[PDB]
Amino acid sequence: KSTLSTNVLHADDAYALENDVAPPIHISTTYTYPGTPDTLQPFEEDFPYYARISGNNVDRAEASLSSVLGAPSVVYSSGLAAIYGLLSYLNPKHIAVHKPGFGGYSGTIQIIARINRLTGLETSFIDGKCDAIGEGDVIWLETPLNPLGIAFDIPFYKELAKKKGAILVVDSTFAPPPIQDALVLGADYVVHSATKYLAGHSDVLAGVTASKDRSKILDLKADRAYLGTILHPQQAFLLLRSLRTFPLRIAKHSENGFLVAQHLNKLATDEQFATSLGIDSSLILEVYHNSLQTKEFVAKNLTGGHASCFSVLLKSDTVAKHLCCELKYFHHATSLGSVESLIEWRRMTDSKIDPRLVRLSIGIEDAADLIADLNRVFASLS
Amino acid sequence: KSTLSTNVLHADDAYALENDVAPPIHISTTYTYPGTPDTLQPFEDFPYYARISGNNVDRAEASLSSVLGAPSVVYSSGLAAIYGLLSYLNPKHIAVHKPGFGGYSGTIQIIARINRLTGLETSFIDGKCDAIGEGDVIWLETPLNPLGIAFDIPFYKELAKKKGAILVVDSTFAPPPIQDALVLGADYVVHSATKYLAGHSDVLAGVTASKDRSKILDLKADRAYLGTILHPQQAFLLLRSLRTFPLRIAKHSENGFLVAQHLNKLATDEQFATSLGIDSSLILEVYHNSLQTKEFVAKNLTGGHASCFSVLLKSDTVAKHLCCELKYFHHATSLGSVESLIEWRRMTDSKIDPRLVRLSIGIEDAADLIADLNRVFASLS
Ligand SMILES: *Cc1c(COP(=O)(O)O)cnc(C)c1O
Ligand SMILES: *Cc1c(COP(=O)(O)O)cnc(C)c1O
Ligand SMILES: [Mg+2]
Ligand SMILES: [Mg+2]
């Protein structure tokens, strides 16, 4: 009955151990045992007395996260910690991922290599078929895709996974609910880097996995106790603080992402519009964004908004470098999902990638200011 | 040119000393002097000791000044800001809202501590302020804690100007863009940033601003010796909060309007109330700026509405049940939090009407808050 704005604020009320309005930071590693000599009662998976196994700050953060995700959730010290935990738990023989040249988070490929070192896990590529995938194998669908910001059809891959007896994991980092609900669309598990949108202020590393199957999430929590990857109390406090404003922030990100992507696409494709702004439309070759895909499934996947991190292919590496250095409201930096807008020249970190490609992460500024900034730089290059 | 949503995010860009996207916490009390033996030369702006000045405070003040439209000085609490301002102005006379009608009780306690030192005398804001003369202070808290009703800032500025006096507005209940007390003519504006500006009930902070930068520099110098600077960790959290302040304050204002309007409808429309299972006589009066019939209110609150306001109920029994049985309102003091709060005022004050409750509307979906209130009022009918 209550909606997201209310639930992020009150989902943890039942988990409060004290009268503090803001959650306390239960920073202690260890907690004294209750009980007297007579009542002292010998009894570790829900052991609440050691913070590397379980803790109140994590409990409250997971309550709020589960309200966002609509399912039992397990929170980790980073997105890659969540991914490593999930893939080591599932222990598939085969995994299908997006081909690395096309896109997909490089850290996921590095985790697959580290698991392959141990298990021989074999990689194939997502191709609409996934012939190599069988029973207990994993389809790892990252959508929207890092760095392009375009979407894939989750229900389609759920039907493939179902036919094959395989497991569909969606890395939904670029579109958390309410923009996309990967679990409702059929994903067996969903993973997010909460470092990005959910925390949102570039000051928390965190990962989260969710599933409608609570017993699997409990297994993951048990494993987390020994992989050593629980989110610590101080970070769980800041993550929970962020979640309080997540419904407001994510709505603004989505609106801004649509507006900025659409403006850039209009510049690239409408020579009269560009000229009206003092801009040579040839500076932008292509804009990638979910709103520019012509496929009907995209609006059935991203039911509640738009990606705010997406890429642009520019005319040259010169244009890309000027754009990354000269914007007033976009800092040249990696990561995404921050309150402030960011831009990244993808070639910085990757020698194989086309030096014309830049990735934008739209923050919660006034879109008219972001568009005026972009216009100023593009005009200076015309 | 750029608007508030952009400015709270970028006003501190020029004060960044490093490439960190999120501000670092420069927690150190002390910082090494630059210089070699050949280049070493002797020198409110000493940057090498955090109790005088610091980078986290600089960045927080840059963002605050963007919100407030004027140079700002940040303190360890709202009362630290008020004590700093009143001890700097050192008036012989001050006019305040009558205790009993409203006004923050801590301000009265500060006046008592300053009176102990100077003999500062108190009179009451009454539309005339006869006792107030040159250099004296009109202390106008608007919207008023706990009622949530507004007073006419330009009227009191005209009164102060005629007398040679100083108009201070405590604008805690309505920060910009809801109200801009300085544009309306206040000589100084004070906020408890503990409330809306920080907004998550986990930062104590105060802020004073003025169009006159010399006064703010004097306040910063005094702050260095009164010992009331905001510390680095708190300045970090306040700046973090300020990034979402424009979204939060718009939601607070919309919700406060909706909830006050609903409770007023329940109190003044017996049919509606009965259609909800509710006895309209349970609510005597709702106090809110949107219910005031004077023309000046919308000229002061130009960009929104109060979200902390009071309701006079039929009995203290009704008040206590409301305070204890709401799902989305915690029974606690303070206001301006993301979560909705309610307070039975008789808890903090033995002289106030036991029928009065103060509501602080958070950033929930207002339809859930209204449904919660409806459920409790129906259960009392
Ligand atoms: C950033 C990111 C990750 C990794 O998260 P960390 O918190 O950085 O470990 C995983 N997936 C996607 C899509 C990401 O963007
Ligand atoms: C809470 C409050 C203050 C005092 O602020 P602290 O941060 O609590 O010291 C001052 N004025 C008003 C109107 C307040 O509500
Ligand atoms: Mg609560
Ligand atoms: Mg910045």
Side-chain angles (χ1 to χ4, degrees), chain A residues 6 8-16 18-23 60 63-64 201-202 240 244 328-333 338-342 363 365, chain B residues 6 8-16 18-23 59 62-63 74-83 85 97 102-110 139-148 168-175 190-198 200-201 203-208 228 230 234 238-239 243 306 308 327-341 343 348 358 360 362 364:
Chain A
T6 307
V8 297
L9 299 171
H10 294 285
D12 64 326
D13 280 347
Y15 295 84
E18 67 295 285
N19 63 334
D20 306 24
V21 169
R60 296 185 63 156
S64 186
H201 295 70
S202 293
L240 179 51
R244 308 314 186 170
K328 194 187 178 101
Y329 303 129
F330 298 74
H331 296 332
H332 192 201
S338 200
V339 285
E340 62 264 90
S341 298
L342 301 175
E365 291 92 349
Chain B
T6 306
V8 296
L9 301 171
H10 292 284
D12 63 325
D13 281 354
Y15 291 85
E18 47 260 305
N19 66 330
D20 305 27
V21 172
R59 296 183 67 158
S63 193
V74 73
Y75 295 86
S76 55
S77 65
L79 288 200
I82 293 173
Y83 186 92
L85 179 54
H97 295 119
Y104 192 68
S105 59
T107 305
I108 300 308
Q109 291 300 319
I110 286 171
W139 189 279
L140 188 66
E141 181 189 303
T142 183
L144 188 58
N145 193 339
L147 295 191
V168 179
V169 173
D170 179 341
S171 186
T172 297
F173 272 49
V190 179
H191 300 264
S192 170
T194 306
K195 318 295 183 44
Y196 294 98
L197 291 163
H200 297 68
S201 296
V203 177
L204 294 170
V207 59
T208 303
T228 52
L230 193 67
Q234 279 83 13
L238 171 60
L239 179 53
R243 311 310 188 172
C308 184
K327 197 174 199 253
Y328 304 134
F329 297 73
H330 296 331
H331 190 205
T333 188
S334 199
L335 62 86
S337 198
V338 285
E339 304 110 318
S340 291
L341 302 173
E343 194 175 23
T348 44
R358 191 185 67 186
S360 177
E364 292 89 350

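In the text below, chain A, chain B and the rest are named by the order of the sequence lines, each starting its count at 1. In listed order, ligands and their atoms are each counted from 1. Side chains included, hydrogens not; waters and symmetry mates left out as well; all remaining heavy atoms used.
Judged by distance alone, the side chain of B/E141 and the main-chain N or O of B/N145 form a donor-acceptor pair under 3.5 Å. Between the side chain of B/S340 and the main chain of B/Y328, no donor-acceptor pair closer than 3.5 Å is present. Side-chain N or O atoms of B/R358 include none that pairs as donor or acceptor with a backbone N or O of B/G148 at under 3.5 Å. No donor-acceptor pair closer than 3.5 Å links the side chain of B/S63 to the backbone N or O of B/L239. A donor-acceptor contact shorter than 3.5 Å is absent between the side chain of B/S192 and the backbone of B/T172. A donor-acceptor pair under 3.5 Å is absent between the side-chain atoms of B/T228 and the main chain of B/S76, judged by distance alone.
Residue, atom and distance of the protein heavy atom nearest to atom 9 (O) of ligand 2 are B/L79 N, 2.8 Å. In terms of protein heavy-atom proximity, atom 4 (C) of ligand 2 is nearest to B/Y104 CE2, 3.6 Å. Closest to atom 5 (O) of ligand 2 among all protein heavy atoms lies B/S192 OG, 2.9 Å. Protein heavy atom in closest approach to atom 6 (P) of ligand 2: B/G78 N, 3.4 Å. Of all protein heavy atoms, the one lying nearest to atom 2 (C) of ligand 2 is B/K195 NZ, 2.6 Å. Of all protein heavy atoms, the one closest to atom 12 (C) of ligand 2 is B/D170 OD2, 3.6 Å.
For the pair B/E141 and ligand 2, the shortest N or O to N or O distance does not fall below 3.5 Å. Taking only nitrogen or oxygen atoms, main chain and side chain alike, B/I82 does not reach within less than 3.5 Å of ligand 2. Ligand 2 has no N or O atom lying under 3.5 Å from any N or O atom of B/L335, backbone or side chain.
At a 4.0 Å cut-off, at least one heavy atom of B/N145 sits close enough to ligand 2 to count as contact.
With waters neither drawn nor counted, the protein N/O/S atoms under 2.8 Å from the Mg ion (ligand 3) amount to 2.
Listed here is the closest heavy atom pair of B/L9 and B/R243: O-NH1, 3.4 Å. For the pair A/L342 and A/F330, the tightest heavy-atom approach, listed with the atom from each and the gap, is O-CD2, 3.6 Å.
For B/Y196, the side-chain hydrogen bond (donor to acceptor under 3.5 Å, both in side chains) partners at least two apart in sequence or on another chain are B/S307.
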Next on the checklist: B/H330 vs A/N19, test: side chain to side chain donor-acceptor pair (under 3.5 Å). Steps then yes/no.
Outcome noted: CA-CA 9 Å; B/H330 296 331; A/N19 63 334; over 6 Å; no
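In summary, the side chains of B/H10 and A/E365 do present a donor paired with an acceptor at a separation below 3.5 Å, with no hydrogens or angles considered.
Listed by number with element, the atoms of ligand 2 under 4.0 Å from a non-hydrogen atom of B/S77 are 7 (O), 9 (O).
Counting heavy atoms closer than 4.0 Å to ligand 2, residue B/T194 contributes side-chain atoms (C-beta onward) but none from N, CA, C or O.
Inter-residue side-chain proximity for B/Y104 and B/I82 is flagged as unmet; no heavy-atom pair is nearer than 4.5 Å.
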